[PDB]
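Heads up: the structure comes next, in structure tokens.
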Amino acid sequence: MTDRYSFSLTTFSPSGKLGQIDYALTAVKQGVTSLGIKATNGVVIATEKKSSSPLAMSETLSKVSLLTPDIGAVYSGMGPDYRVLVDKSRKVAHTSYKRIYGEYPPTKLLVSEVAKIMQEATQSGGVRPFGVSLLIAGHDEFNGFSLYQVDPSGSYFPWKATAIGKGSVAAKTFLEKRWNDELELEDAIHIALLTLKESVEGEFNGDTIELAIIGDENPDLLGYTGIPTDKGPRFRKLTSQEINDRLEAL
Amino acid sequence: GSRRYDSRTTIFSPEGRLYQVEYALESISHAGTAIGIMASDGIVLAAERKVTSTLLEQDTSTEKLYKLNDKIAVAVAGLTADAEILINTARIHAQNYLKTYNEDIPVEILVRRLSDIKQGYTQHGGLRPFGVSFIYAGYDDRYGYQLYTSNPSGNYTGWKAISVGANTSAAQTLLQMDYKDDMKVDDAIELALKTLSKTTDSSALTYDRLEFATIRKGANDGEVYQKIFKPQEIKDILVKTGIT
Amino acid sequence: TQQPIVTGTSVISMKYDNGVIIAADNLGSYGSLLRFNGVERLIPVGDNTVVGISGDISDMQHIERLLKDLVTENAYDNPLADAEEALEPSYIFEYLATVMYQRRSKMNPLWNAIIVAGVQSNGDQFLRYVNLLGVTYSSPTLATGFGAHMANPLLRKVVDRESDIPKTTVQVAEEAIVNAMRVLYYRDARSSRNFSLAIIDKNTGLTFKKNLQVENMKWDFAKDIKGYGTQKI
Amino acid sequence: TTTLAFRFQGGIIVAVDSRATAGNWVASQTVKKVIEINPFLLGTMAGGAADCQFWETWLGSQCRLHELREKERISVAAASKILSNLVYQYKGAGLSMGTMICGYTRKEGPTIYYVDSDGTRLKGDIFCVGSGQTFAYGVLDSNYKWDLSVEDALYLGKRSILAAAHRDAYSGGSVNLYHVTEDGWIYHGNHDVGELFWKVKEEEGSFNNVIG
Amino acid sequence: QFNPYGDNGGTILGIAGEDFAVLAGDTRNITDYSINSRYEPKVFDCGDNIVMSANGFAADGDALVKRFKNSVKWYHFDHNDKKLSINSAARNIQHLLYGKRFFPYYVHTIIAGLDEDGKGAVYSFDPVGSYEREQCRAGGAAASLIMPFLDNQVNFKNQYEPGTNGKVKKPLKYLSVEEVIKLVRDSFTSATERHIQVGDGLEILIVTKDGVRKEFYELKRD
Amino acid sequence: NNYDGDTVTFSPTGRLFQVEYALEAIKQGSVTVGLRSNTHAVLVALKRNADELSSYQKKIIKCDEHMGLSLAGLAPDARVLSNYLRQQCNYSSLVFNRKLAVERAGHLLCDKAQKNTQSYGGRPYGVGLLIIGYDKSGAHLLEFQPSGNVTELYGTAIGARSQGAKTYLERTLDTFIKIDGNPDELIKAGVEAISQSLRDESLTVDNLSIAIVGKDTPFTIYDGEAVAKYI
Amino acid sequence: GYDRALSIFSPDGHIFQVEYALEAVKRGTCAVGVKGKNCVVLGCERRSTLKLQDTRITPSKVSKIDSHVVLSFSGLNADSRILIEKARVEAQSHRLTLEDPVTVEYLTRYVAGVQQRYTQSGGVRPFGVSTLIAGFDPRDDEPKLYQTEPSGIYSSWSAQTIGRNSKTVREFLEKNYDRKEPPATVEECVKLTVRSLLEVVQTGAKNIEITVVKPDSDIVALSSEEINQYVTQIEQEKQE
Amino acid sequence: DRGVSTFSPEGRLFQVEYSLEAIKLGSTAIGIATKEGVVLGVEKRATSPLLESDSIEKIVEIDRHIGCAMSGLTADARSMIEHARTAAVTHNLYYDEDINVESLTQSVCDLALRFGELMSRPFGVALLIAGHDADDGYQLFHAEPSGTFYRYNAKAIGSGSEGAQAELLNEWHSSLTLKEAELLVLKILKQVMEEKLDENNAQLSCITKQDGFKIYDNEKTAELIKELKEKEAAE
Ligand SMILES: [Mg+2]
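Residue numbers (the deposited numbering), protein chains in the order written: chain O, 1 to 250; chain P, 1 to 244; chain a, 1 to 233; chain Y, 1 to 212; chain Z, 1 to 222; chain S, 3 to 233; chain Q, 1 to 240; chain R, 1 to 117, 125 to 242.
This is the structure:
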């Protein structure tokens, strides 16, 4: 036995293309649409819960994931690749930051760590690139609210608003017309729901849509009282009912 | 077994060229142009962001210009993710040197170390090379202001003015024409922006499509200051030089 | 490096004209506490060898498992496992002696003294000793622990040199061994009355005797002993 | 043990006793305390007998490999340093050595290096090592000149060991002499201390304290 | 605490003649005040006309002899059945001993045979591998009782020619194999009288160009 | 064809070509014969020279006092396998005070050769061996193939033109098995057997190599004028 | 670890990776070495395709291995740095253990050994570099000049050239260099070295580098003006 | 591609067979064994007149009683020589004696087949190992990259080998003197060499019991070349 694939499986072609990264992006293009919008007092990330079967319980499959109390993530592309990246991202936030500085990492640095893991799968021996693009939304004291996109190559860019996957080209055009620097969080959620409706074919409701926000501190979700400086997580996943309430004012 | 699937990234062609290095350089030629100009009283680093969007958050964005320490900075051309791996290694090397000798690392020693790392990936390990070219702008008390470049082969050279990325042939000709030895920083700022303005593939050169930085002894008395330009500050220098 | 916890005392043995005899009591001591009263310290290997063990009992049980595994291993791909290519006493001893010396050389000994008794293919008597240090020696009589100090002197009166072996019958040899076990019971504070005895003969094979007892003991004279010097009553 | 070596006009004199003891018990009177590393290099034995024997014949092997690879005689400086670097690796493990590496080359001339098991490596003109070293130093210091003849230098080394053999309980047996030239070492015989003492007493007039 | 060493007593003696060599040793094996065996062979024929004994801690002694016998076997395999000369065997044993410099074989080793000119040879080793060619060498428990006697009766030390009074030494005339065996027997008989660990039996191995011969003699058993 | 690039690949008919190519190296090698009675076992080997100035390549190797083999194929591979046998014979003697059984020696050689036929990177051994020996169950002769197959036989031959000697032994089976207590006659039969494989060349004094082991006979090799008696 | 055998034999008995490493040397800028009676001179070509270069800080073609030995090269620039670093470390290691600086032959033998090792080690490619190593042995006044190549073979030369158009300058040296009477002075040796490069170089401006090494660790690099004076004198004699 | 340790359909290792082709391109080396000594001679073959020919080292000392000549990719021989010298010295350390010539050769040949995916390829060089020991007298061995070694009375390797070997077939007999062998090597080298043989483009050496291994001076060889010319003109 032994892993005898110690050489790179991603290499430059004569034209200067890294084939495996390009093909990974093609896989992301086939994936279900997800988006992110940044407001003045928060950030929203959203996607469609494309259920593989009606017998399947789609609540047990989480496309939007908490990474830290103030950072969340959504994807487009290969689901299993995303799941393991969320596991690695959660752990690296602790091992390379919280166990050193006694606090959670800022959004940009956690994104940086996730990017590094994705870059290494593009150069290390005997592995293929991750077939996902991530959208990571978060808040921290000194940088405020932010939204980042991470690609299979490991490259990452900050956005005011964006979309990835199936209908990203049309969705990004829709967001350009609606986005301004004076948006409140509720306005951004409204725009997110409008944008997402265009790329969805079938049912459009709280049970087929997954949506989360990075907003105000939630002391009700902290689990304990007595420490004034601990005020609770800024990440909150909206319920099925909360989504449907905002679909009536749509 | 596994041999079947091995691309053999570290071999010579019949002509004596390294396939992967050559192809990596082809990749870099499609990256946004980065220019470095060295003057008597400082160094300028100018670079073009690649076809951006109106929804990109520019003021918190960094894809071209990176700080290695207080005295040395780099402009990037190629895969950004590959560059960040090397940049972090270089930052650590500078700190190792400072801890060992209690003196800031000389610019060339840092450049040689990174270039040697790139070289290793072309000779052993069977991995693909880093698809990155750097322009190093730095200062030390031995040679003063210095400009270097390194590419995926691991070869590095010193320059008075240099470009990497897209349209380097056209850019280098324009720099070779207008550069003089007694030039000053404010003149070099103008030359860098004028060169990018003519070589760009975009319709017009605007503040949102640029990253800019200077290394000056324009710091109060015998010391050096690094200035990574803000979006509004790039907008002002574009009006001052008469491009917008 | 360790210390022995649960221990077994003397093993005694001797050669006679047609074979060898070996014996050891059935006690497992825990310091001065006579804790375990049904411990078998003679372990037969095939029908031609008996390994007698003293010292640490946990290490004895380990050695017992090694010998069991040795028989299994010898039978693998061996059509003559019960004939020409069966385990000899000399093979079993050399293996144990190798292990004992290797273990002392890693500063982690098997805390035992071992006597391998048996008869070879050609009928020759085999009797040899090995201990925790890897020290080995052979003699017409062999004994461990207290047996070395008290049994050997009695057994050597029967077989004093090599030339006395053909002159010694199995009845005379067994008699001497049984008497020695009685003497050890009188004088060793870590011994028991119950013991096992094994005979390996080139004609009649292996005879294994369990649940033997020390008998014909002299205690009557104790009634006349009074005080420690001057006391008359 | 008493071993000495000194530089002079005609090269190097090496002189040693022959006694080995285990406590008060005299194990041997015929021990060889000069190791013949090769035809050009000599080493002395003090401290651990095995350590000196083993590692100095090993040194000979390294010297032979050097001259095969470099097509040139190894220097005394390089030869001594191979040994000192080796024992320094083992420092703390319990090696016991006190030796003089002696040689005569073109570039250096006559050279002596004292090498120690705690890593010490000293170049010098006169060295004296062993339980009887202080006695031998006395005779050496008061009679040593650079312009000694080969005959007189050989005697001085012989006489200095005799001084130690007489007073030091753990030195004696016999004296082994060597003379090291540029073309190689020359053996100058084994001399029983018993016979040598009476011979020297009569001819020299020394040791009036002893009745003969 | 565990002590990996022990002392099995015993005494050995090697003498080199003009065209022969003997290596003798008592057959008694002991611990403390007890006798383990009255006949436990201690001197061994190792092949190639070489005899060997490693006296002291018997476990280490048996291990060393076993490894040397093995070294002779592999010398034949690797070098076209070449005879291992006594000097080459000696150097090989040094490397075996020094290989365990920091956890030594607790033995005093002696080998005997003939050199490449056919003359008698004996080599003596310390526990960690230092060695000398020697004419006469006793080892083990009663070495201190035997060596002074040999100095006097083999090398004629302190013996001068009558009439000269100290001026002329007694000449060092060569001894026959019969003469050497007499001195060996008298050495062990005297050692048996005064050392408690010496007794039971004496086994002598004689080495000539014709091969290796054995002789056995009884000693006092008390 | 497409399935002979390495040892880790079966062909569509279930063949291992690299192993078969290793078997081919044996057929190119010089002839060697093995045969036994109930008291003795004999090896006879035709040695091959490079030219008239050169020596004749040795074919027989001693493994222990009671065991040894003859080779045909890649000689360095025989050195590796014979060295392994020397060690195993030796481990048995040191640890168990026991001479290694010839049958068990065959089992060990089989298993060592097998590991080289199932793993990537390695290659099969390119040599065939004839092992003779005398142990506790009498005389033995084994034939080793680098596929791993070891076979116990009364007699056999391997190498170029080995079929002639093998047929002769198949006829003589009833005669040579009965040659007990007569080493010279058993060797004669072996020399007569190997003669059935010769063409153009004949058995000379530096051409012939003979080995024997038996009841009171350690494994000994005869070369030079020692085999002139049998020419 | 990556263990792939990149350097292997072909049916005609050639190791192509070693031969393709020589093709990289053919592409490199020309280097030349000439030894006089009491000196050695190393000349090097600088391709003038690169102007706007900073010549103060740009890596120089000749490198000191120790105070008494120098190394120049033709081929891949990045590869040469690895050989130069190893050689410098070995030079200090030799001083530390032998208590004497390396001979020029020893230093050459080491570098050549490293190059050979990279031709039969798994997972590595050969160095695309040939070197010229020159200097004087400690306490010796006899000039030394050696050459190495990717295969690992090395040898001593009275005068030698490597790199692009080295066939032409070797032609020149073979007819102009006399063994019975080598360039007696520093001037004569430098002149012959500049002359040999002028057969190939183009302009005699900043395209020629010259380094002179003399006995007892006396090494100096000539400047532009000093070399320009040799260039001037050569052509004025040629106009005849 | 294909394994480095692959067998051909004929039962030969591809890489070993290909290395033998590299040795055929190498310069000629010849050895002749006599009862008075063994002679070794080589063709230097300098690529240019500016190359100082005395720096070409194709004959090498292993020990005082063993010498060695090479042909093929001579860079590959350096680690083989290093191993041989170490083996010779190490055996002397362990056994206080000289090592047998055969045993030294066997130790060198054990390196040969240590290649795979250890070194990446076989050695591309053949060796002629000559020496003397007390047991078997004067000996000459031919060590190949296959791991096989043959003893020879006389042997030639390199580009002119088959022509030279045919010449050695006729000329060698068991009563040759050392002087006769020296001239014979020179004669055959002169026959197969491209350039005209002299003391600068050819080298001689020998091994005797008394003096050991010696490389001949250019002045000494020049006299033997002149002695050869005269005796060929004598008939
Ligand atoms: Mg007594």
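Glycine is no exception: its CB is placed at the ideal position from the N, C-alpha and C atoms.
Contacts around residue i, its chain only, beta-carbon distance under 6 Å, and the 5 residues preceding and following it disregarded
i: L219 of chain Z; result: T192, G199, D200, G201 and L202
i: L110 of chain S; result: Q90
i: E215 of chain Z; result: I204
i: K214 of chain Q; result: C39
Interface flag, residue i vs chain S, CB-CB below 8 Å
i: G126 of chain P; result: no
i: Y101 of chain a; result: no
i: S5 of chain R; result: yes
Cβ-based neighbour list, residue i, same chain, cut-off 8 Å, excluding 5 preceding and 5 following
i: residue 234 of chain Y; result: It is not possible to answer for residue 234 of chain Y, since the shown part of chain Y is limited to 1 through 212.
i: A63 of chain Z; result: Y105
Span of the beta strand (DSSP E) around residue i
i: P110 of chain Y; result: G109 to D116
i: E215 of chain Z; result: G211 to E218
i: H142 of chain S; result: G140 to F146
Top-ranked residue by Cα proximity to residue i, from the options
i: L83 of chain Y; options: Y:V31, Y:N38, Y:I126 and Y:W55; result: Y:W55
i: residue 238 of chain S; options: S:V152, S:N118 and S:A167; result: Here chain S covers residues 3 to 233 and nothing more, so residue 238 of chain S does not appear.
i: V199 of chain R; options: R:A163, R:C109 and R:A137; result: R:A163
i: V22 of chain Z; options: Z:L150, Z:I206, Z:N92 and Z:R221; result: Z:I206
i: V4 of chain R; options: Q:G163, Q:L83, Q:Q120 and Q:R88; result: Q:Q120
i: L83 of chain S; options: S:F12, S:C65, S:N51 and S:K190; result: S:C65
Cβ of residue i within 8 Å of any chain Z Cβ
i: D110 of chain R; result: no
Opening and closing residue of the alpha helix (DSSP H) in which residue i lies
i: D81 of chain O; result: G79 to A93
i: residue 229 of chain Z; result: Outside the displayed span of chain Z (1 to 222) sits residue 229 of chain Z, for which this structure offers no information.
Same chain, Cβ closer than 7 Å to residue i, five either side skipped, listed in chain order
i: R4 of chain Q; result: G122 and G123
Quick one, which residues of the stretch 107 to 139 of chain a are near chain Z if we go by CB-CB under 7 Å, in chain order? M107, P109, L133, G134, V135, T136, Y137, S138 and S139
Under 8 Å (Cβ pairs) to chain Z, residues found in the stretch 88 to 103 of chain S: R88, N92 and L96
If the cut-off is 8 Å on Cβ atoms, which residues from the stretch 75 to 92 of chain Y count as contacting chain Q, listed in chain order? Taken in chain order, the members of the stretch 75 to 92 of chain Y whose beta-carbon sits within less than 8 Å of a beta-carbon on chain Q are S75, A77, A78, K81, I82 and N85.
Return the residues of the stretch 31 to 56 of chain Y that lie within a Cβ-Cβ distance of less than 7 Å from chain Z, sorted by chain order. Identification of residues in the stretch 31 to 56 of chain Y having a C-beta nearer than 7 Å to some C-beta of chain Z yields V31, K32, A49, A50, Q53 and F54, given in sequence order.
What residues from the stretch 3 to 18 of chain O come within 8 Å of chain P, judged by C-beta to C-beta, listed N to C? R4, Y5, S6, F7, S8, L9, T10, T11, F12, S13, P14, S15, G16, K17 and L18
What residues in the stretch 90 to 117 of chain Z bring their beta carbon closer than 9 Å to a beta carbon of chain Y? Under the 9 Å Cβ criterion, the stretch 90 to 117 of chain Z contributes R91, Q94, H95, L97, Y98, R101 and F102.
Please list, in chain order, the residues of the stretch 114 to 127 of chain S that have any C-beta partner in chain a closer than 7 Å. none
Under 9 Å, CB to CB, which of the residues in the stretch 197 to 216 of chain Z have a partner in chain Y? none
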